[PDB]
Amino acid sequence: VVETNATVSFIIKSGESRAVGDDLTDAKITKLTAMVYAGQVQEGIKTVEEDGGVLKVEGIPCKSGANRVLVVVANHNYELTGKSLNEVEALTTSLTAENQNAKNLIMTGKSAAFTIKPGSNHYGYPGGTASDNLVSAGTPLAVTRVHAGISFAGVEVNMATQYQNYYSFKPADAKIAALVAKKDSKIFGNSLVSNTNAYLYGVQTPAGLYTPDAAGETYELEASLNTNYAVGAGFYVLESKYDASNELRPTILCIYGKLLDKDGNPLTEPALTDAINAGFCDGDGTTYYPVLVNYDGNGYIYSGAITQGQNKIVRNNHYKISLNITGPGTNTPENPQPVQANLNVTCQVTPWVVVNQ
């Protein structure tokens, strides 16, 4: 069973990084496990670890034959030796605190089926490469993050004329949080969206339409999904299909903090209660400005990879939100507004690259 008569080498797809003023940066592979499968059976496996980044793997021992597949998992915390293909493809990941320090940002890739010949085989190497069997020439293997990213590129406040005498908001004093974030996902599949109904929040807020509180849904605090506001600050998150169930479950990025009076002091009575009962803030004066990420609605403008919201989170996309606040927020960011929130959004959607080096 252990005898081999071939090696496989491959190149990983990489690109020019032009990510600059954002915390959530492009991918760098520091740990990679490459496997060769013949149907369900793992016929080769090699793990490499390089702090400087991995862009190719050479000389993986394996067995010649038809219809082999290269399966890759990177930046991971799994034990993969000997697993069947079914086992590997059933692996999940979950959002954890270390993900927000860019640790265990799982990446995967999988080739189409190809023939391995005896001797030295090369997958995704350049055209004309010296080989006993060159496959996928000029198309390196795509090994990509399972996580997406959501961040604020910027938040500005320009209170509309009707609110200028009544309210102010200071983003420098604010926090940001993810709401209605899927807890888990698959790591292989046409879509990574899991059928669990488990979600996370960075800050507890009142139940509304978007809150996962229907039968079988769970909704738990994850403190790593809140941070202070700063330009480019945000969160790694997982795939989600917003309309998978009977009620919408949009992943939300929100900024929240004190709704102040026109002079930047706390609201006092009666202005405080006027604002609370209008739905703007809670008893402490806290107001929320939610953005439904990649939602088709609410006047949101999109550029980059898309110009229309898709009502989902897709792996390896960085959703960079520029928010303009023009009025008081809401005390219930997990409800839709009856008319329209006092905010405008432009969102640049940029896929991450694997940094070339």
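Note that residue numbering follows the sequence shown and begins at 1.
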Handout entry: Mean temperature factor over C-alpha atoms, higher-scoring stretch between 285-293 and 42-50
Key = 42-50
Practice task
On mean C-alpha B-factor from the PDB entry, just flag whether 250-258 or 135-143 is the higher one.
Solution key: 135-143
Fill in the blank from the handout: Per the deposited entry, the peak Cα B-factor within the set 180, 107, 267, 176 goes to 267
Problem - Largest Cα B-factor, entry values, listed residues 162, 204, 277, 100 - result: 162
Completion exercise
On the chain's distribution of Cα B-factors, residue 329 falls within the third called lowest
Exercise for the section: Tell me, lowest, middle or highest third: where does the Cα B factor of residue 25 rank within its chain? Expected result: highest
Completion exercise
residue 335: C-alpha B-factor third of its chain, per the entry, is the lowest
Fill in the blank from the handout: Binned into thirds over the chain's modelled residues, the C-alpha B-factor of residue 186 lands in the lowest
Exercise for the section: Determine, from the deposited record, the chain-internal third of the Cα B-factor for residue 67: lowest, middle or highest. Expected result: highest
